[PDB]
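Shown next as structure tokens: one chain only, the form deposited in one PDB entry.
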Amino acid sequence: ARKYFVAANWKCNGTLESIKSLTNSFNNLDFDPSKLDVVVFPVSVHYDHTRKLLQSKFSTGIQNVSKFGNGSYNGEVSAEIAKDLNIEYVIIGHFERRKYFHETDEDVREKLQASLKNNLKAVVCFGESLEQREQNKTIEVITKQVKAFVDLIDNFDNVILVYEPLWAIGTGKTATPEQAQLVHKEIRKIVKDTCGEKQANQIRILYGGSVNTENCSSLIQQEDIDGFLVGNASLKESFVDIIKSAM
């Protein structure tokens, strides 16, 4: 059975003090990290503080990684740098980077390649827009985005996929858990076709639409949904109840 995977994406939020409070509440949840992965993704400049405060049962990672290695790339964090810090996970392809920062599929492929070359584990995100879904292009769009990188995966525990239903983010639409399950099953079929059946059965595919303490169980109880990359709910002490849905 796939190991469930529950991730907190803090995005651009936090102070030193709010992290101290939050991490203290997180550390009070007794869970076994051999039975589920729980990963926290603070802002880059908060990584050291966050890593120090969380107990070792929590994994940690950063929200983006450079497509370039070391050198004259002002502002970027190379995968080589993250490896030297033992940063375990990186998020790649998050829709906010594609939206505000013009990140492309080619960018996602190059960042994944840098990450795996440096022994980082990658959480790689994709998903279609409302206009794409209304034109019945969900499968075409998702296949193209997944095929941009999936053939690079060399270890199916170390890359984690995230379906972001952009048509249901800020649009007034709500994805049901059944709608999400169908998209997850299709993502898994893409992986089987490029990488193999054992590989597709092993890879975690997370839901990355809106997740909170109310809907989390209806989502993770779906057969092909293996956890979540969680947004603002993960800034609340109640995020522990989301982690409990995977325990």
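The numbering used is simple: start at 1 and walk along the sequence shown.
S.K.: So which stretch wins on mean C-alpha B-factor, 51 to 59 or 186 to 194?
M.R.: So the stretch with the higher mean C-alpha B-factor is 186 to 194.
S.K.: In the PDB record, does 20 to 28 or 228 to 236 carry the higher mean Cα temperature factor?
M.R.: Per the PDB record, 20 to 28.
S.K.: Out of 134, 96, 80, 164, which shows the largest CA B-factor listed in the entry?
M.R.: Of the options given, 134 has the highest CA B-factor in the PDB entry.
S.K.: Per the entry, which of 90, 146, 160, 152 tops the list for Cα B factor?
M.R.: The listed residue with the largest C-alpha B-factor is 152.
S.K.: According to the PDB entry, is the CA B factor of residue 117 in the bottom, middle or top third of its chain, that is, lowest, middle or highest?
M.R.: For residue 117, whose C-alpha B-factor we compare with every modelled residue in the chain, the answer is the highest third.
S.K.: If you rank the chain by CA B-factor, which third does residue 212 end up in: lowest, middle or highest?
M.R.: Ranked within chain, residue 212 CA B lands in the middle tercile.
S.K.: Could you tell me which third, lowest, middle or highest, the C-alpha B-factor of residue 42 occupies within its chain?
M.R.: As the PDB entry reports it, the C-alpha B-factor of residue 42 lands in the lowest third of its chain.
S.K.: Compared with the other modelled residues in the chain, in which third is the CA B-factor of residue 102?
M.R.: As the PDB entry reports it, the C-alpha B-factor of residue 102 lands in the highest third of its chain.
S.K.: By its CA B factor, does residue 173 count among the lowest, middle or highest third of the modelled residues in the chain?
M.R.: As the PDB entry reports it, the C-alpha B-factor of residue 173 lands in the highest third of its chain.
Not pictured, yet referred to below: the form deposited with a small molecule bound.
S.K.: Of 206, 183, 65, 211, which residue is found within 4.5 angstroms of the small molecule in the entry with it bound when only non-hydrogen atoms are counted?
M.R.: Residue within 4.5 Å of the partner: 211.
S.K.: State the residue from 87, 142, 169, 175 whose non-hydrogen atoms include one within 4.5 Å of the small molecule in the entry with it bound.
M.R.: Here the answer is residue option 169.
S.K.: Which one, 129 to 137, 151 to 159, 91 to 99, 108 to 116, holds residues whose non-hydrogen atoms are within 4.5 Å of the small molecule in the entry with it bound?
M.R.: Comparing against the small molecule in the entry with it bound, the contact stretch is 91 to 99.
S.K.: With a 4.5 Å heavy atom cut-off, would you call residue 103 a contact of the small molecule in the entry with it bound?
M.R.: Residue 103: no contact with the small molecule in the entry with it bound.
S.K.: With the cut-off set at 4.5 Å between non-hydrogen atoms, does residue 22 touch the small molecule in the entry with it bound?
M.R.: Because no heavy atom of residue 22 falls inside 4.5 Å of the small molecule in the entry with it bound, the answer is no.
S.K.: Hey, in the entry with it bound, is residue 232 touching the small molecule, heavy atoms inside 4.5 Å?
M.R.: Within the cut-off, so yes.
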